[PDB]
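Asker: The structure's right below; bear with me while I get my questions together.
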Amino acid sequence: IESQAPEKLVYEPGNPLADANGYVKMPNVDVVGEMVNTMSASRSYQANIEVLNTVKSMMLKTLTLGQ
Amino acid sequence: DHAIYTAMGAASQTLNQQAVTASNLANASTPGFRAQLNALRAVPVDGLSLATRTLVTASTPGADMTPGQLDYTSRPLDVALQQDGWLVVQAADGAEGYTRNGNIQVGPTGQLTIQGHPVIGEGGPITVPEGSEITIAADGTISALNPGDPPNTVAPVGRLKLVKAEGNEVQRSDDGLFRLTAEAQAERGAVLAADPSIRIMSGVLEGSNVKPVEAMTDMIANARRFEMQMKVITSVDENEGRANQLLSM
Amino acid sequence: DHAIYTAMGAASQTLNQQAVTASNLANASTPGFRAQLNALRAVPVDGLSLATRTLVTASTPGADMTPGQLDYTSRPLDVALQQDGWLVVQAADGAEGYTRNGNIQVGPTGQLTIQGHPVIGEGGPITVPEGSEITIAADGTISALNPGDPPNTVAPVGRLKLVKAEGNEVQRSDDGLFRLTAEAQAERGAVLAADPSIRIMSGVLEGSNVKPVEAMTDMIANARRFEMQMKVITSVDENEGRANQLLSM
Amino acid sequence: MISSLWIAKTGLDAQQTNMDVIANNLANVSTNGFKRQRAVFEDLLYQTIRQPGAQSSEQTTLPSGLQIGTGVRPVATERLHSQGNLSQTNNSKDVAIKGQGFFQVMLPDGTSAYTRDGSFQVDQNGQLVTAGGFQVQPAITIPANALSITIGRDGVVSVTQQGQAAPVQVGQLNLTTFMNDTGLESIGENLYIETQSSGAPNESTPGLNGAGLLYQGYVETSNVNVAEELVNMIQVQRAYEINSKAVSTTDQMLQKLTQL
Amino acid sequence: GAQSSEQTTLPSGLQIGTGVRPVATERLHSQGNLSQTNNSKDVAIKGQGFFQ
């Protein structure tokens, strides 16, 4: 989906893409939030990777049940 | 792991505060600008057990109703309001907004317009004769003179309505125009009275009330707080990377 | 894993922005120079599911047609155009380029040559008698007085053609000379008219409109964006490397 | 780039524009008829982010919502049209204005400009010009061998000839007034052109219908108050430094953010 | 690309450019002021010209 925050504006009334009341639209990305998202996503990715490794060892050990 | 988000909030909110002061601090030398004082609000996150997290949202509790100080321009119809006094202006949509900018102007057709979206006084828009030579009296009465007539023909042509409303009962409204807070409307009505005690000075403008000392200390505090939260974020992330190793073997 | 590419794109393209600013910024004190403003374009990657990636391609939408500020040199044939005006000049390949450099020069044989590849006005290249003593008028007429003749012999020897065109309807052409955009060619034609309303300021040159303020924050934001991209790249590769242990064993 | 950077750069742009206004307004002392310019700024729209809630009035509650707003775009450059002082130039063909009014001048391209400047001359054909040869409409053609030129307080210009005991009235020099003097679009060369914000020009003889009288032998000086410009310069420099501090603080915030 | 003009679009292409090479050092030949040396063998010039 899209984050529907009101899309912070700037003023450059010679630039095309500026309406009446020349106001360019200037994406509303909060860099701190996105950096924290990247950090947390990498950590969760690592946790799931390493769950997968644990489980794979668990099952390959199950195959040696008895013999 | 969720601690990082609390810290994240602070950092982002700190940036928001910076933005405020920036638009607060760039607007020096803006006539009649009212500063936008800012604050941080604690938001407890009451839940199911051991409420330790609280978030750090930012806020603007309003505008600073401290009168900035005066520039003597000697212009006949530069108007300065006394304290807690407002000029009324017909806003863009058509509504009574309130301003402190007294840099009045007269159009070629005789229309008295603090910057377009013109002024309101004793009736609809104030209109004056084209050959202006306008003067604004001490209590607002607007007197006029055709430039080529004897000086004893200066009978008043209008009145400049002024309004007393301050602080907790005034709210900025996405323009340079203030309005009533929707709480001071189950009160003094939607269209306010003229308050026959608000005086005017002609030939004087009022400038922005942006105190630069509190702005500078605000920016210093903001930088320090931001980088403290940065350390917290680093420590939490390094903890998470350290601890995802419980699951191996 | 392909995220790194997007991040790479940004980093690479940010360097391009830097490059532009640098060329935009070294060219201060270059006569009549037009700053090449720059922008970044989001480029979605429309695909078969989950449109999540966008690239950061760099671009130069055009030049800044904001008149640079004038230097008074009192030299008789240094020309400053009014706003949105251009001197027409016979380009190297041969075509009417447009410049704001009014630093006109005369050769020994009387060729008016804004830095060579000469100037075009009311006919071919403008030629004057060798003992020129050129004077340039307000509307573009060029008069010449041989040094050893009575001063009431300043009969006009030519006219300097000037053209009105700005911004959207003008683009740089890999030299310092501008041309029409080929979108303004099924319009005011291949060769424009003289527009006898563009005025000349004689004895005054125009400098570059290289705004140091917006360039300095261009560079600050560029550096910050670059090292944010580097952080994303670092996290992505560390993810992939620590991931690679899945397939073994 | 985050919003703080761009807002502070709008502030720096505004201070730079204000300094350009001050420098132009300053350099044009000893320019006849020049009218001082004042830079008027205006804030840009405020983006409400979180509307204020309900002020329950059960306790004193801070009315906190959140609107940030941006920018300081320059909204006007008002021309302060006032009667400047007079200085004697002792030149017969020179004249200043007592009160409002503008001499009409025929531009080279055909339209009409208007000047508050009396540095007049005569070209080779007797026509009045304005320091650059622009003809003063309506044309006033001084005879060839006049003993003296007189321009009266209502513009009635006459010449004294060898022998006749009468100042033959050779022309009329009438003024032009606008209903909004401030709206004139300055073009350089001490010339203003009428625009939609000034209305049509109203022509009249001096001293009638609000036009100001004429004072021969005097030039109107620039109404520039240099003390005001110096104080404004100090203010502009300090505000510029404060905004630069805003940019620098945001930049070091960003440095720390991108460290990790 | 082409300005399709259906919507207001930025005319984005890309050219980077480089350099500020010095192209000339002009010599401004305007008449300078004169100084009296009282020296008989000295001489100054009124207008264009040079001594060979």
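Labels used: A, B, ... for chains in the order of the structure tokens, numbers from 1 for residues in each chain, and numbers from 1 for ligands as shown.
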Would you kindly return, as a PDB file with N, CA, C and O atoms, in the first residue's frame, each protein, DNA or RNA residue with an atom no farther than 7 Å from any atom of segment 19-26 of chain E, considering only C-alpha atoms and excluding same-chain residues fewer than 4 positions away?
Answerer:
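Contents of out_30.pdb, freshly written:
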```pdb
ATOM      1  N   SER C  23      30.024  21.330 -11.635  1.00  0.00           N
ATOM      2  CA  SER C  23      30.126  22.115 -12.858  1.00  0.00           C
ATOM      3  C   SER C  23      29.255  23.345 -12.764  1.00  0.00           C
ATOM      4  O   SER C  23      29.590  24.394 -13.315  1.00  0.00           O
ATOM      5  N   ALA C  26      31.680  25.567 -10.151  1.00  0.00           N
ATOM      6  CA  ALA C  26      32.918  26.113 -10.668  1.00  0.00           C
ATOM      7  C   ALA C  26      32.663  27.268 -11.612  1.00  0.00           C
ATOM      8  O   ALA C  26      33.524  28.139 -11.753  1.00  0.00           O
ATOM      9  N   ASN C  27      31.498  27.301 -12.250  1.00  0.00           N
ATOM     10  CA  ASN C  27      31.186  28.288 -13.269  1.00  0.00           C
ATOM     11  C   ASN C  27      30.613  29.573 -12.697  1.00  0.00           C
ATOM     12  O   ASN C  27      29.949  30.317 -13.421  1.00  0.00           O
TER      13      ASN C  27
END
```
Asker: Taking only C-alpha atoms into account, report as JSON, numbers by chain which residues of chain E lie within 9 Å of chain C.
Answerer: {"E": [2, 3, 10, 11, 12, 13, 14, 15, 16, 17, 18, 19, 20, 23, 28, 30, 47, 48]}
Asker: Using atom CA of residue 1 of chain D and atom CA of residue 41 of chain D as the two end points, give the distance in Å to one decimal.
Answerer: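 For atom CA of residue 1 of chain D relative to atom CA of residue 41 of chain D, the distance reads 24.4 Å.
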Asker: Produce a table with one row for each residue of chain D that has an atom at most 10 Å from any atom of chain A, each row naming the nearest atom pair and its distance in Å at one decimal; use only C-alpha atoms; arrange rows by chain and rising residue number; format as a Markdown table.
Answerer:
```
| residue | atom | partner | partner_atom | distance |
| --- | --- | --- | --- | --- |
| D:1 | CA | A:31 | CA | 8.7 |
| D:2 | CA | A:30 | CA | 7.5 |
| D:3 | CA | A:8 | CA | 8.0 |
| D:6 | CA | A:10 | CA | 7.9 |
| D:7 | CA | A:10 | CA | 8.4 |
| D:10 | CA | A:11 | CA | 8.8 |
| D:44 | CA | A:11 | CA | 8.1 |
| D:45 | CA | A:9 | CA | 9.0 |
| D:46 | CA | A:9 | CA | 9.6 |
| D:47 | CA | A:8 | CA | 7.4 |
| D:48 | CA | A:6 | CA | 8.6 |
| D:49 | CA | A:6 | CA | 7.7 |
| D:68 | CA | A:8 | CA | 9.8 |
| D:69 | CA | A:9 | CA | 9.1 |
| D:70 | CA | A:10 | CA | 7.6 |
| D:71 | CA | A:11 | CA | 7.5 |
| D:72 | CA | A:11 | CA | 9.3 |
| D:73 | CA | A:11 | CA | 7.8 |
| D:254 | CA | A:32 | CA | 9.4 |
| D:257 | CA | A:32 | CA | 7.4 |
| D:258 | CA | A:35 | CA | 8.7 |
| D:260 | CA | A:35 | CA | 8.9 |
```
Asker: For the residues selected in the previous step, produce a file with N, CA, C and O atoms as a tab-separated table (two decimals), in the first residue's frame.
Answerer:
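Final output, saved to again-v9.tsv:
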```
chain	number	residue	atom	x	y	z
D	1	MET	N	16.47	14.75	1.04
D	1	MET	CA	16.67	15.91	1.91
D	1	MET	C	15.42	16.15	2.76
D	1	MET	O	14.30	16.19	2.27
D	2	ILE	N	15.64	16.29	4.07
D	2	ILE	CA	14.55	16.40	5.03
D	2	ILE	C	14.03	17.83	5.03
D	2	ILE	O	14.67	18.73	4.48
D	3	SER	N	12.86	18.05	5.63
D	3	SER	CA	12.19	19.33	5.47
D	3	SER	C	12.94	20.47	6.13
D	3	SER	O	12.87	21.61	5.66
D	6	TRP	N	15.35	22.30	3.73
D	6	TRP	CA	14.76	23.14	2.71
D	6	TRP	C	14.12	24.38	3.31
D	6	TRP	O	14.15	25.45	2.70
D	7	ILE	N	13.54	24.25	4.50
D	7	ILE	CA	12.96	25.43	5.14
D	7	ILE	C	14.04	26.44	5.48
D	7	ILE	O	13.90	27.64	5.23
D	10	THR	N	15.08	28.22	2.42
D	10	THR	CA	14.16	29.31	2.07
D	10	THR	C	14.46	30.54	2.90
D	10	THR	O	14.42	31.66	2.40
D	44	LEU	N	4.65	30.70	4.09
D	44	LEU	CA	3.92	29.76	3.25
D	44	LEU	C	3.00	28.89	4.09
D	44	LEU	O	2.99	28.95	5.32
D	45	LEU	N	2.21	28.07	3.41
D	45	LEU	CA	1.07	27.42	4.04
D	45	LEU	C	1.55	26.49	5.13
D	45	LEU	O	2.68	25.99	5.09
D	46	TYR	N	0.70	26.24	6.11
D	46	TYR	CA	1.02	25.34	7.19
D	46	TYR	C	0.33	24.01	6.94
D	46	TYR	O	-0.87	23.97	6.66
D	47	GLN	N	1.09	22.93	7.00
D	47	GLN	CA	0.54	21.59	6.84
D	47	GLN	C	0.17	21.05	8.20
D	47	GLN	O	1.05	20.69	8.99
D	48	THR	N	-1.12	20.99	8.49
D	48	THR	CA	-1.56	20.32	9.70
D	48	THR	C	-1.25	18.84	9.60
D	48	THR	O	-1.53	18.19	8.58
D	49	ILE	N	-0.64	18.30	10.64
D	49	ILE	CA	-0.28	16.90	10.69
D	49	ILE	C	-1.21	16.12	11.61
D	49	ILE	O	-1.64	15.02	11.27
D	68	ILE	N	3.33	22.16	11.06
D	68	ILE	CA	4.72	22.55	10.94
D	68	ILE	C	4.87	23.79	10.07
D	68	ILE	O	5.49	24.77	10.47
D	69	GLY	N	4.33	23.74	8.86
D	69	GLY	CA	4.47	24.89	7.99
D	69	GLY	C	5.86	25.00	7.42
D	69	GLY	O	6.74	24.22	7.80
D	70	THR	N	6.08	25.96	6.54
D	70	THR	CA	7.34	26.00	5.81
D	70	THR	C	7.55	27.39	5.22
D	70	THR	O	6.61	28.17	5.08
D	71	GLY	N	8.81	27.68	4.91
D	71	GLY	CA	9.14	28.70	3.93
D	71	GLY	C	8.86	30.15	4.25
D	71	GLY	O	8.06	30.47	5.13
D	72	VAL	N	9.57	31.04	3.56
D	72	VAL	CA	9.44	32.48	3.76
D	72	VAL	C	9.37	33.28	2.46
D	72	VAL	O	9.90	34.39	2.41
D	73	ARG	N	8.77	32.73	1.41
D	73	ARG	CA	8.73	33.35	0.09
D	73	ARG	C	8.56	34.87	0.14
D	73	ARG	O	7.78	35.39	0.93
D	254	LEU	N	22.10	14.93	10.85
D	254	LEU	CA	22.10	13.96	9.76
D	254	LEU	C	23.40	13.16	9.74
D	254	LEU	O	23.39	11.95	9.45
D	257	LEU	N	23.06	10.58	12.24
D	257	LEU	CA	22.07	9.59	11.84
D	257	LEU	C	22.67	8.58	10.87
D	257	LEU	O	22.41	7.37	10.99
D	258	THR	N	23.45	9.05	9.92
D	258	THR	CA	24.01	8.17	8.90
D	258	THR	C	25.27	7.45	9.36
D	258	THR	O	25.70	6.51	8.70
D	260	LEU	N	25.29	5.58	12.01
D	260	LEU	CA	24.66	4.30	12.29
D	260	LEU	C	23.31	4.52	12.96
D	260	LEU	O	22.26	4.30	12.35
```
Asker: Residues at most 10 Å from residue 226 of chain C, counting only C-alpha atoms, excluding those fewer than 4 positions away in the same chain, as a tab-separated table (two decimals) with N, CA and C atoms, in the first residue's frame?
Answerer:
```tsv
chain	number	residue	atom	x	y	z
C	7	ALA	N	19.76	0.61	-4.25
C	7	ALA	CA	20.61	1.48	-3.44
C	7	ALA	C	21.80	1.95	-4.25
C	8	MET	N	22.45	1.02	-4.95
C	8	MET	CA	23.56	1.40	-5.82
C	8	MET	C	23.14	2.52	-6.75
C	10	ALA	N	20.89	4.78	-6.48
C	10	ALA	CA	20.82	6.05	-5.78
C	10	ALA	C	22.22	6.61	-5.58
C	11	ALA	N	23.11	5.80	-5.00
C	11	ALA	CA	24.46	6.27	-4.75
C	11	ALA	C	25.08	6.78	-6.04
C	12	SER	N	25.06	5.95	-7.08
C	12	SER	CA	25.66	6.36	-8.33
C	12	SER	C	25.04	7.66	-8.81
C	13	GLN	N	23.71	7.71	-8.82
C	13	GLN	CA	23.06	8.89	-9.38
C	13	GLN	C	23.32	10.10	-8.51
C	14	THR	N	23.46	9.92	-7.20
C	14	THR	CA	23.77	11.07	-6.36
C	14	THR	C	25.10	11.67	-6.76
C	15	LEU	N	26.08	10.82	-7.06
C	15	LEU	CA	27.36	11.34	-7.54
C	15	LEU	C	27.15	12.20	-8.77
C	221	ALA	N	22.94	17.76	1.25
C	221	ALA	CA	21.97	16.69	1.09
C	221	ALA	C	22.54	15.55	0.25
C	222	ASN	N	23.36	15.87	-0.75
C	222	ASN	CA	23.96	14.82	-1.57
C	222	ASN	C	24.83	13.91	-0.72
C	230	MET	N	25.00	3.92	1.38
C	230	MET	CA	26.04	3.00	1.81
C	230	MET	C	25.60	2.15	3.00
C	231	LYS	N	24.87	2.74	3.95
C	231	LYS	CA	24.35	1.92	5.04
C	231	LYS	C	23.40	0.84	4.54
D	258	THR	N	23.45	9.05	9.92
D	258	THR	CA	24.01	8.17	8.90
D	258	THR	C	25.27	7.45	9.36
```
Asker: Find the residues of chain A that sit at most 12 Å from chain E; for each, write down the nearest two atoms and how far apart they are in Å, to one decimal. Count only C-alpha atoms. Sort by chain, then by number going up, and give it as JSON lines.
Answerer:
```
{"residue": "A:14", "atom": "CA", "partner": "E:10", "partner_atom": "CA", "distance": 11.5}
{"residue": "A:15", "atom": "CA", "partner": "E:10", "partner_atom": "CA", "distance": 8.1}
{"residue": "A:16", "atom": "CA", "partner": "E:8", "partner_atom": "CA", "distance": 6.2}
{"residue": "A:17", "atom": "CA", "partner": "E:8", "partner_atom": "CA", "distance": 5.6}
{"residue": "A:18", "atom": "CA", "partner": "E:8", "partner_atom": "CA", "distance": 8.5}
{"residue": "A:19", "atom": "CA", "partner": "E:8", "partner_atom": "CA", "distance": 9.3}
{"residue": "A:24", "atom": "CA", "partner": "E:10", "partner_atom": "CA", "distance": 11.4}
```
Asker: Would you tabulate, counting only C-alpha atoms, all residues of chain C that have an atom at most 8 Å from an atom of chain A, showing the closest pair of atoms and their distance in Å to one decimal, sorted by chain then ascending number, as a tab-separated table?
Answerer:
```
residue	atom	partner	partner_atom	distance
C:232	CA	A:38	CA	7.2
C:235	CA	A:42	CA	6.7
C:236	CA	A:42	CA	7.5
C:239	CA	A:42	CA	6.2
C:242	CA	A:46	CA	7.2
C:243	CA	A:49	CA	6.0
C:245	CA	A:53	CA	7.5
C:246	CA	A:53	CA	5.7
```
Asker: Dump N, CA and C atoms for the selected residues as a CSV table (one decimal), in the first residue's frame?
Answerer:
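And here is the file that came out, result.csv:
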```csv
chain,number,residue,atom,x,y,z
C,232,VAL,N,22.5,1.2,3.6
C,232,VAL,CA,21.6,0.2,3.1
C,232,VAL,C,22.4,-1.0,2.4
C,235,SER,N,24.0,-3.3,5.0
C,235,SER,CA,23.1,-4.2,5.7
C,235,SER,C,22.6,-5.3,4.7
C,236,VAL,N,22.4,-5.0,3.5
C,236,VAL,CA,22.0,-6.0,2.5
C,236,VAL,C,23.0,-7.0,2.3
C,239,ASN,N,23.3,-9.3,5.3
C,239,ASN,CA,22.1,-10.2,5.3
C,239,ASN,C,22.4,-11.4,4.4
C,242,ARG,N,25.3,-13.7,5.7
C,242,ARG,CA,24.9,-14.6,6.9
C,242,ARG,C,23.8,-15.5,6.4
C,243,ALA,N,23.0,-15.2,5.4
C,243,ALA,CA,22.0,-16.1,4.9
C,243,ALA,C,22.6,-17.3,4.2
C,245,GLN,N,24.4,-19.6,4.7
C,245,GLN,CA,24.6,-20.8,5.5
C,245,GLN,C,23.4,-21.7,5.4
C,246,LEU,N,22.3,-21.3,4.8
C,246,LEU,CA,21.1,-22.2,4.6
C,246,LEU,C,21.4,-23.4,3.8
```
Asker: Would you mind reading off the distance between atom CA of residue 3 of chain A and atom CA of residue 37 of chain B, one decimal, in Å?
Answerer: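 These atoms are spaced 27.9 Å apart.
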